[PDB]
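Fold the following, please.
(one chain, ligands or ions: 1)
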Amino acid sequence: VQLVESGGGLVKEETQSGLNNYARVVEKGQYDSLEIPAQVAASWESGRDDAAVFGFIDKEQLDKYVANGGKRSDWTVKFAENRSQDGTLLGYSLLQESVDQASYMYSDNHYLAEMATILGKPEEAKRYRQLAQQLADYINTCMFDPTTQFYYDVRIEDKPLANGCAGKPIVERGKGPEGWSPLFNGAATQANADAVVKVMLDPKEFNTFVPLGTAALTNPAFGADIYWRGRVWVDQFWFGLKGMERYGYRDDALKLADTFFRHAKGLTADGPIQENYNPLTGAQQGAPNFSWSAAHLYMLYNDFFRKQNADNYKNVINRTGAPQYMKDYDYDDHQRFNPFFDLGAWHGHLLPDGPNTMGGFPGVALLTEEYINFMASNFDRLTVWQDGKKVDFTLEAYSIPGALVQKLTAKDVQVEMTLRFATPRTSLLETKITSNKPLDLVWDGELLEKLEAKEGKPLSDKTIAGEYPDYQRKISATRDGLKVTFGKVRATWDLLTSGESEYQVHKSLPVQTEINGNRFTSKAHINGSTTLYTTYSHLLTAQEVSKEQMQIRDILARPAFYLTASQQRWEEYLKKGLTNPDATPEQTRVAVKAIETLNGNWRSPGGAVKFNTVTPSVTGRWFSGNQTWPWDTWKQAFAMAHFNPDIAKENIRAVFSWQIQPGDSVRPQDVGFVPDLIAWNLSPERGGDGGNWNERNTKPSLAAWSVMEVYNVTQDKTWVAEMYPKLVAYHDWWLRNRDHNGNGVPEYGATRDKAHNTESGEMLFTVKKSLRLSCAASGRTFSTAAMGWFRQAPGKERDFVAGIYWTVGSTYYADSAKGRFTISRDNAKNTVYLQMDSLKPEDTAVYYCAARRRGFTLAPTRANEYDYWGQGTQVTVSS
Ligand SMILES: [Ca+2]
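Numbers count the residues shown, from 1 in each chain. You can find the structure just below:
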C-alpha cells in the first residue's frame, strides 16, 4: 500500500482592487484570506506592529480565547477610505479610534496651547484648550470601561451609541500600554487614573518581573516573547511611570523604577542597549545601540533611578572586535560589534580584541548612504621592527566617552594611540612612539573578502566582489598616505555608493606604500622618539572629497586643537547630562551608556537630509545611514535636549524639513503630513532611487511634547516660533485625513500611495491563489472506505482536515476547513483531492493524506483510526 501526495509548495498571490470588492470578501466570511497594503501600513502608523488591539493573535492563543468564551470575529479590524467634502481621496483609516492616539492628540493640543500662550496668541490658545477638553471628554466617556476599570480603543460601529461614542470599548482584545496613555498625557480624570494605576500595580496584569509590558498577563494574545504583545519597552515603561507620578503615585513609580533597575538583564554590564525585555525573565532582545531605549533610560536616570572625567567611565560599552565579514550580523541581521562614531561622521572604529589586531583600530565601519558595512579587519595597523625582529608589545586598550585609546608597552619602545573625531567626515589618530633607538615602522591593511555571516557562521560562500561587481574596491598610494576608491553600487537593500566615494588615509609622516591587490604595506624608518598624526576620512560624494582636503590639511597642521575640541565637547555632554546627585555609580554609568549611544546614532547632513539627524541605530539592519523616523525622533530629542540640545533641535528639524507643503508634486492632498521614513535617497516618485523613503503612513504624534521639552531646557522663544506653525499644520493634517467619521477623534491610517491604490484610486488588496493537493493511492482501492487529509505545523500534533467516505462519498471537515476547503474523489483514478481556497499563514503545515480500508461504523476523523499514510507535502503561506 502506497499513498503519494502532490501539489504542495509556496502558494501564490493575486492582486485585486476596490473597496467595494474588499467589503464583498469580508461579507462572504473571508476577511482572514485578505492582505491590504494600506491596512498593513496603518499598523505601521500605530507604531505597534502586531499588537493585540489591532487584531493580532496567533492560532493557539485564539483557540484558547474561544474555549474561554470568545468569538474569532472579535479580532477583525475593519477599514475604510477617507474622502473630503469635494470627494477627493485623502487616505484610509482603521474603523477604530485608539485611546493612545486620542491621548497624544490631547497632548498635542495641550502643548500647542502653551506655545500659542508663549507666542502671545491668546485666541489660538483658547482653540487648542477647547479641542483638548473635547478630546478628554471623549476619552473619559467612550474609552474608559467601568467594569474592568481600564481604557481601551473603541470601534467605529455602524452607528454611534446613545451618548455619542463611536462604539463600545474593545475590552475583549485585552489590556495594553495604551491603557495608561491617558494618564501619561494628562487626559485622565483622577478617578479613572486611580483605577488604571491599580491595574498597573496588579501582579496578575502588569506588575511583572520587569513591569509594564506591551500586554497584560491576562491579555488573550499575551506571550512573554512577542515584541508587541508582552515584551517591555523602555518608552512605554517610562510613560507608565510618568502617568503614575502625574496623578499622585510618585512613591510607587519609584518602586517600579527600582524593580526595573534590579531585573532588566545586562543593565549594569557592558553590552549595547537593546529594544525590549521579557516581562517574566528580564532577558533582552532587539537591535543593539537602540536610540529610544537610550533616551528613556536617560529619562529614568533623570526622573526615577536613585540610591536605595571621561576617564572615570572606561569601557561602558564593549567596542572591541575583529570583523571578518562585510555583514557580520547577529541573529536579527544587525552588526554584532559596536564601532565608535562621533560628530555625525559616516565611518566608525573598533578596539583591537587582542594581540592579533593590536597596533590598529580594526574594522573600519562605513555608512554607505543607508547601511553599515565593514570594509576591513586590520587597516593601518602598526607593527614595530628592530634589526628585522618584530617588537613584542603588551596591549592595554579601552574606550571612554568620545575616544578610543590603546597603549603598547615593550622593554625599550612604548606606543600610545588616541583616536577621536575631528570633523563630521574625519577621525584623527595620534600615535606617540617613545624610543631611545632607531626603529622600522610598518603599517598593514587588508580589505575584507567574505560577504555575510549570521551569529559568526557564514551564510553562504559568497564574496563581497562576487556579490557586488560594481563595488570595484581599489587601494592606491597617495602623496601623503593612501586611499580606497569605490565604484557606483545601487544595491537598494544593502550597499549604496555614488561612484565617487573614498576612504582616505593622510599621515603627517612620509611613508612608502606598496599595494598588493586587496592588501597594502606602508614603511618608514625613525631615529628615535616620534609623534605622528593620521586622519581617516569616509567621503561619499565628489564634492565631499573636494571640500574635505582643506579640512584634512588643517587637522594635520593643528592636531592639538582638534583633540582638545573633542575632549571638551564630551566634558560638556557629561556635565549637562549627569544631573542626578542621588544616583548610584551604576545608575550614572547607565546614563553615560545612553549618552554614548545617542551621540553614536547622530548623523551629519547627507543626500536629501539637509540637517543633522539621529537614527534608531547606527548598527541596525534597517536603521542605519541617516534613516530617520518621526516617532523615534520625538523621544530622542526629548532626551538629547538635556545634554546635546543643538542636535536635539536638528533632529526635529530634519523630520520637519520634509513635511508636505501646498503644491507638493506627489501628495498635494497631504499638506502638513510628516513622512514615516526619510533618508539619503529620495523615493523614485521624487526622482531618486531609494527604497526606504516611505510616505505610506506617518507615526503617532509626540511632536509638540518633544518641541516643548527643548523649550523647557533652553527657553528659546525663536525655537517655539519656528516650530509652532509646523506643529499646527501637522495637527490639522490629522483632523483632515485621519478622521473618517469626522467627530474630531483620530484613527490610525494610511495615505493614498502607489503601494495602496491604483492610478484611479481603487484600494489594492491581495488574496492567495487556490491550491489543490492530490493523493494517488497504490495497492487497494478506498472508494468503499475512508480517505482523509491531516496537517501538522512544526512541533505540533497531526490534526484532521477533511475526509471522504463510503460508496456515496460522504464528507467531513474540521471547523477551520468549513467554507474554504473541498475534498473530492476520482474513484477511477484511486485519487483524492483537497482544494484549498482562502488560505492564510496559519495554514502553513506538512499536509498528509491517510487511508483506512477496514470497515467503520462512523466516519473516522482521528489519526489513530487511519492505517496508511503518505510521506507528506509542505504547503507554505506567507505574509
Ligand atoms: Ca474619528
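
Please point out which parts of stretch 513-527 sit buried.
Using 16 or more other CB atoms under 10 Å as the test for burial, stretch 513-527 gives 513, 518, 520, 522, 524, 526. Using the backbone N, CA and C atoms, a C-beta is placed for each residue, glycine as well.

give the contact list for the residue of the stretch 51-200 of the chain at minimum distance from the ion.
Going by CB to the ion, the ion is nearest to residue 97 of the stretch 51-200 of the chain, at 5.3 Å. Applying CB atoms under 8 Å, 6 or more residues apart in numbering, we find residue 97 in contact with 142-143, 153-156, 166, 745-747.

The same query, at a cut-off of 10 Å, please.
138-139, 142-143, 153-156, 165-167, 170, 739-741, 743, 745-748 (CB atoms under 10 Å, 6 or more residues apart in numbering).

Take the residues you listed and keep only those in strands.
Judged by DSSP state E, the contacts of residue 97 include 154-155 as members of strands.

Which ones, among the contacts of residue 97, also lie beside the ion?
739, 741, 743, 745 (CB under 5 Å from the ion).

if I read this right, residue 277 contacts residue 236, doesn't it?
No. Under the criterion of CB atoms under 10 Å, residue 277 is not in contact with residue 236, lying 11.3 Å apart.

residues shared between the contacts of these two?
Shared contacts of residue 277 and residue 236, counting by CB under 10 Å, 6+ apart, come down to residue 213.

more crowded one of the two?
residue 277 (29 against 23; other CB atoms under 10 Å).

Not counting its neighbours along the chain, what's nearest residue 693?
residue 683 (4.1 Å; CB to CB, 6 or more residues apart in numbering).

quick revisit: now for the buried residues of stretch 513-527, which pair is the farthest apart?
Within the buried residues of stretch 513-527, 518 and 526 form the most distant pair, 27.8 Å apart (CB to CB).

Check the offset of the one helix or strand residue 182 maps to from the chain's centre.
In this structure, residue 182 sits in helix 181-185 according to DSSP states H and E. In terms of CA atoms, centre = their mean, to the nearest Å, the centre of helix 181-185 is set 24 Å apart from its chain centre.

what's that helix packed up against?
On a contact count with 3 or more CB pairs under 10 Å, 6 or more residues apart in numbering; DSSP states H and E, helix 181-185 meets helix 99-118, helix 122-142, strand 150-151, helix 190-200, helix 234-246.

now do 6 Å
Judged by 3 or more CB pairs under 6 Å, 6 or more residues apart in numbering; DSSP states H and E, helix 181-185 is in contact with helix 99-118, helix 234-246.

Pipe these into JSON lines and attach distance to the ion per row.
Output for the helices and strands packed on helix 181-185, formatted as JSON lines (distance: least, CB to the ion, whole Å):
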{"stretch": "helix 99-118", "distance to the ion": "9"}
{"stretch": "helix 234-246", "distance to the ion": "23"}
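
could the ones next to the ion among the contacts of residue 97 be laid out in a markdown table, adding neighbour count?
Shown next, in a markdown table, are these (neighbours: other CB atoms under 10 Å):
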| residue | neighbour count |
| --- | --- |
| 739 | 19 |
| 741 | 16 |
| 743 | 16 |
| 745 | 25 |
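
Most widely separated two among those?
Checking the ones next to the ion among the contacts of residue 97 with CB to CB, the most distant pair is 741 and 745, at 8.0 Å.

how about the residues of this protein near the ion?
Proximity of the chain to the ion, by CB under 5 Å from the ion, involves residues 739, 741, 743, 745.

Let me see the contact set for the second one.
For residue 741, the residues meeting the contact criterion (CB atoms under 6 Å, 6 or more residues apart in numbering) are residue 156.

So for stretch 668-685, what gets flagged as buried?
669-683.

Residue 778 and the ion, how far apart?
62 Å (CB to the ion, to the nearest Å).

before we move on, the earlier item: if we take the buried residues of stretch 668-685, which one ends up nearest to residue 839?
residue 676 (29.7 Å).

what's that closest one sitting at in phi/psi?
For residue 676, the backbone dihedrals (degrees, to the nearest 10) come out as phi -60, psi -40.

what about the closest residue to it other than its chain neighbours, how many neighbours?
Leaving out its chain neighbours, the residue that sits closest to residue 676 by CB to CB, 6+ apart is residue 694, at 4.4 Å. Using other CB under 10 Å, residue 694 has 21 other residues around it.

Residue 694 contacts residue 674, correct?
No. Applying CB atoms under 6 Å as the test, residue 694 and residue 674 come out as separate, 11.4 Å apart.

What ranges does the stretch 301-450 of the chain have for its helices?
Taking DSSP state H, counting those that start in this stretch as the criterion, the stretch 301-450 of the chain contains no helices.

Please work out which residues outside the helix holding residue 182 touch it.
Here helix 181-185 makes contact (CB under 6 Å, 6+ apart) with 99-100, 103, 106-107, 139, 151, 188, 193, 196, 239, 242-243.

hmm, back to that, I'd guessed the residue nearest to residue 693 sits against residue 692; true?
No. Between residue 683 and residue 692 there is no contact under CB under 6 Å: 8.6 Å.

Appreciated, that's everything.
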